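Chain A is the first sequence line, chain B the second, and so forth, proteins listed ahead of strands; every chain is numbered from 1.
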Amino acid sequence: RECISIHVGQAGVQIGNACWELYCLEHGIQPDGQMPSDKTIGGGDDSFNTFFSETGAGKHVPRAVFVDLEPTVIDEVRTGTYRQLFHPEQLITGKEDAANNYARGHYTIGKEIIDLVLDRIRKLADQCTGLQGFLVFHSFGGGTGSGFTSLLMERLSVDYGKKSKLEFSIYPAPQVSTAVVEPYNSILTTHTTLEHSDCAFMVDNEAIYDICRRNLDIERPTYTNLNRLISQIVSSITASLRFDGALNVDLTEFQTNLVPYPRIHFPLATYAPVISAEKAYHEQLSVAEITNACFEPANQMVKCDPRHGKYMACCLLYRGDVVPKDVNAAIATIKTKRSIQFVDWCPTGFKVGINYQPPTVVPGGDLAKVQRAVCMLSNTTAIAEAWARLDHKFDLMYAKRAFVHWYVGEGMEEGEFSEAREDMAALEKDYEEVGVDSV
Amino acid sequence: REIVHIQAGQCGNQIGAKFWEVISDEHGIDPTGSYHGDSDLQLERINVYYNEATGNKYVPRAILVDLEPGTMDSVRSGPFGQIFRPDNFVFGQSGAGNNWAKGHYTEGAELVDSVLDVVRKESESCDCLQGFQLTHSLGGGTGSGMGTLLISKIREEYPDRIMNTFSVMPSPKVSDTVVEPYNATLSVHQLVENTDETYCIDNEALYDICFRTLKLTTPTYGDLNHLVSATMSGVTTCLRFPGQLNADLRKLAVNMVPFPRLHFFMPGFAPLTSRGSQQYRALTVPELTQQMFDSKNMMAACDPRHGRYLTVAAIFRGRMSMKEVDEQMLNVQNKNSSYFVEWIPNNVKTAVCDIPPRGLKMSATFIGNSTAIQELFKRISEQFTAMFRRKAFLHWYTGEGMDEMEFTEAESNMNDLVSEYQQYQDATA
Amino acid sequence: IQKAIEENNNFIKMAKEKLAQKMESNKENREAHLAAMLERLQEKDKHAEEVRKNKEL
Ligand SMILES: */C1=C\C(=O)C/C(C)=C\C=C\C(=O)O[C@H]([C@H](O)NC(=O)/C=C\C=C\C)C/C(C)=C/[C@@H]2COC[C@H](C1)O2
Ligand SMILES: Nc1nc2c(ncn2[C@@H]2O[C@H](COP(=O)(O)OP(=O)(O)OP(=O)(O)O)[C@@H](O)[C@H]2O)c(=O)[nH]1
Ligand SMILES: Nc1nc2c(ncn2[C@@H]2O[C@H](COP(=O)(O)OP(=O)(O)OP(=O)(O)O)[C@@H](O)[C@H]2O)c(=O)[nH]1
Ligand SMILES: [Ca+2]
Ligand SMILES: [Mg+2]
Ligand SMILES: [Mg+2]
């Protein structure tokens with residue numbers, strides 16, 4: 001059941017680098033791709049084969065494509081530590097980027113490389129015996145992350161039909177953004193990909209930044225600090241596909257519960273524990289402690305307030321030294337003490353998975369290595385707050401047509417803006433409607 | 001991602017030579033074109049401004065243009081004069097006599113084809129040309145008239161590349177040449193239509209900084225150009241060193257230009273303190289931040305507190321705490337909230353580059369798209385009208401074949417630019 | 001099962017078509033922006049002729 005990862009634009013690529021490095025450490029895969037513990041040479045059907053193919057020389061190769069419209073970020077993959085893990089052909093670059101302009105990524109520059117990117121992904125698909133789907137990593141804010149991704153996801157719906165496509169999408173924050181026009185790009189790509197994506201995990205750079213500052217005591221987080229935390233969350237989510245175990249619950253099964261209507265497909269991720277080595281020392285954080293932490297808004301991947309919306313699902317993905325008994329006792333404590341209101345048309349039980357493989361950390365990182373961690377995925381109406389903030393930024397600029405000439409100059413029309421924005425207003429309203437009580 | 005640099009006329013060549021001197025020192029390139037520096041930061045994006053030759057030599061991607069030979073003879077004898085490619089010097093013999101019509105329609109037109117020949121030889125060996133930067137004055141004939149001619153011809157051959165200028169605006173404090181307003185108004189008429197981004201380097205502001213702040217009682221062109229080259233160094237740091245923000249001409253334009261005609265920037269530099277006041281006032285991030293938002297640090301003579309910012313780029317250089325930079329930038333925005341239009345959120349972007357300018361531990365450079373730039377245009381407009389209503393000196397232009405109407409149109413275009421700035425200043429969310 | 005096939009094929013189709021229409025509209029729009037620019041620039045070369053001509057008289 002193979003999964004193909006596609007990493008688009010700077011944010012997508014740099015998060016991909018952190019994720020594949022962590023996956024290699026979790027699985028005992030060395031930077032040359034060798035894995036001594038794997039006794040089947042040149043293939044097999046182990047759980048880790050969802051994410052890695054094998055060559056007859058014993059190399060374990062990510063089922064991944066990295067694509068960027070300029071070369072300098074991918075060139076660091078090509079010459080860095082994990083350069084031997086990837087075939088040259090899985091790393092694809094143009095020469096000129098999209099200049100923070102959705103229109104350039106989707107049309108002017110994007111259209112020149114799309115065929116080649118689809119040709120490379122096909123060579124990955126052809127080696128799969130039961131491809132399950134794609135995982136697509138990208139910024140909302142960049143021109144490539146926004147417009148090349150939209151283009152790619154439309155093209156993948158044509159070439160693979162209803163094969164599942166999941167996103168990890170980086171929602172912009174002012175402390176690390178690089179373009180004033182990010183709100184435009186965010187709304188344009190959200191509108192364009194919405195019907196082509198089955199499930200999308202938004203990561204608010206500002207929630208990550210704040211967790212880094214507050215819980216890891218980093219004064220001024222860099223992308224490297226953000227990406228290490230992001231990869232832990234991503235790893236939590238994909239661990240169900242890459243490891244086995246009787247209590248491991250596949251991601252697709254969680255998704256059954258997370259997606260009640262096709263458009264309502266944006267779970268809120270919350271991860272614990274995020275703690276420094278200095279604080280973790282002489283300090284065991286119990287199942288109850290980490291579970292409690294998943295209902296603290298400050299640990300969420302997107303800034304919003306779930307206490308002021310309604311739940312439609314709650315899933316707990318545990319990793320490490322966790323047994324159901326302790327999970328059940330922690331959930332029961334939380335039910336008596338927290339602000340957890342479900343919509344009236346949904347069951348209120350929490351769905352639990354447990355993967356026994358302990359969490360891992362990358363050397364020279366900020367996170368303490370811990371014995372047990374948890375990622376909560378909830379579907380709450382509060383996530384629409386994040387669309388409301390972006391929508392308002394779009395409105396302030398669009399009312400004056402600020403910067404719109406850059407897009408129109410690349411062949412876009414004003415109608416595309418108003419169509420995108422209207423779709424977002426309809427999505428905000430969808431979120432309101434699902435949380436009203438049944439008559 | 002190469003930039004091709006063109007310098008035209010005396011002013012353009014004089015400040016262009018200084019630009020090449022300063023950035024060559026920053027990248028560890030000597031007058032022979034050899035690299036003799038310490039840090040890998042210096043070579044990482046060297047190709048943006050320099051071609052590599054045989055012998056591990058670095059040659060500026062630079063074209064030197066004038067209708068008279070004098071300043072280019074000076075350039076060749078200047079420091080760094082042997083670094084330019086000989087074939088990249090294109091000069092006539094005539095001179096343009098401070099006459100825009102001669103640069104734009106007559107003598108300049110006769111030479112422009114041979115300039116374009118060299119532009120194309122430079123462009124054609126670029127891996128992926130980003131665009132062009134031009135240095136010139138607006139107040140004389142060749143930089144003004146021939147420079148704006150070059151822009152339009154380049155834009156015809158490279159319509160999807162970015163065109164950037166460093167444009168020196170005239171002031172009666174520096175030159176008494178009476179026709180400077182005519183040539184500047186005619187030139188601005190062109191810039192509005194044909195550049196994507198123009199740094200307004202105002203001789204009035206350079207004079208006032210030298211005289212009032214640095215206490216030079218008789219500023220020379222040398223003193224003015226020392227400031228210009230420091231500013232030019234600052235506003236190109238993002239193109240020349242690794243970094244995240246405004247790393248290329250087009251990304252800079254997309255962040256700074258909300259409406260195509262409003263592409264005229266007020267540059268600024270900090271610190272600007274006299275040696276005498278330096279004994280008292282420490283050089284710190286809060287000091288740079290306060291100074292870079294002050295009207296006295298601006299290289300266009302406009303008070304930003306007389307208008308509003310559409311967009312700002314703030315670049316810090318040197319070793320300093322990122323946390324402190326972030327805090328000061330937030331603070332200065334909060335304290336000046338009214339002066340940032342509400343309908344462009346998060347319109348101030350900040351970068352920090354590790355390498356400081358020569359002789360400083362830290363500096364800051366500011367690039368503001370402010371509606372108060374209208375003050376520079378109004379100043380030129382008033383000097384233009386005082387002449388044009390008496391038809392003073394028109395015969396110099398009509399004798400090159402121009403008519404009055406072209407003047408009326410250039411004035412009108414510039415007054416409409418002013419009105420458009422006012423409109424966005426007055427607009428509310 | 002025929003309904004399921006038919007809706008999958010119809011979703012592919014409509015996506016292939018919308019995307020060909022978007023890409024064509026885009027292409028034409030951009031080319032027209034370029035052609036307008038070029039035509040403004042050629043009007044200038046023409047005016048420059050007329051100036052040098054007016055000088056000759
Ligand atoms: C040009 C050097 C040159 O020819 C003259 C010399 C030797 C020095 C000039 C220094 C100068 O102009 O310094 C300016 C400020 O006066 N300095 C300060 O305000 C310093 C500290 C203030 C604390 C509160 C700054 C400038 C314009 C420096 C530029 C930078 O680019 C290199 C250029 C060298 O000097
Ligand atoms: N978390 C995180 N965010 C990033 C990273 N790199 C960029 N971003 C964010 O992504 C947005 C900018 O888009 P990028 O991905 O840099 O742009 P791109 O996709 O390469 O698009 P173009 O450069 O415009 O071609 C901003 O919101 C940045 O903060 C990264 O490694 N991690
Ligand atoms: N800051 C600065 N301004 C200068 C310099 N040289 C000339 N100027 C200004 O430039 C304008 C005069 O235009 P020049 O650049 O001398 O003229 P040109 O482009 O050579 O055109 P012609 O001499 O008519 O053939 C005036 O406003 C001068 O003050 C210089 O080195 N620095
Ligand atoms: Ca195997
Ligand atoms: Mg990029
Ligand atoms: Mg002169």
Locate the shortest heavy-atom distance separating A:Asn100 from A:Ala179; write the atom from each residue and the value.
CG-CB, 3.5 Å
Test item: A:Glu2 side-chain N/O and A:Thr129 main-chain N/O as donor-acceptor pair under 3.5 Å
yes
Between the CD1 atom in A:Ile6 and the CZ atom in A:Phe168, the distance rounded to the nearest 0.5 Å is 13.0 Å
Considering all heavy atoms, the nearest A:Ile4-A:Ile121 contact
CD1-O, 4.4 Å
Give a yes or no answer on whether the side chain of A:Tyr184 reaches the backbone of A:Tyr398 with a donor-acceptor pair at less than 3.5 Å.
yes
Check chain A against chain C and list any donor-acceptor pairs under 3.5 Å.
{"residue": "A:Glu154", "atom": "OE2", "partner": "C:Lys22", "partner atom": "NZ", "Å": "2.7"}
{"residue": "A:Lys162", "atom": "N", "partner": "C:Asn8", "partner atom": "OD1", "Å": "3.3"}
{"residue": "A:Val408", "atom": "O", "partner": "C:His33", "partner atom": "NE2", "Å": "3.2"}
{"residue": "A:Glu410", "atom": "O", "partner": "C:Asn26", "partner atom": "ND2", "Å": "3.2"}
{"residue": "A:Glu410", "atom": "OE1", "partner": "C:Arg30", "partner atom": "NE", "Å": "2.8"}
{"residue": "A:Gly411", "atom": "O", "partner": "C:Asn26", "partner atom": "ND2", "Å": "3.4"}
{"residue": "A:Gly411", "atom": "O", "partner": "C:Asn29", "partner atom": "ND2", "Å": "3.0"}
{"residue": "A:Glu413", "atom": "OE2", "partner": "C:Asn29", "partner atom": "ND2", "Å": "2.9"}

Quick check: does any side chain N or O of A:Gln132 sit under 3.5 Å from a backbone N or O of A:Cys3, one acting as donor and the other as acceptor?
no
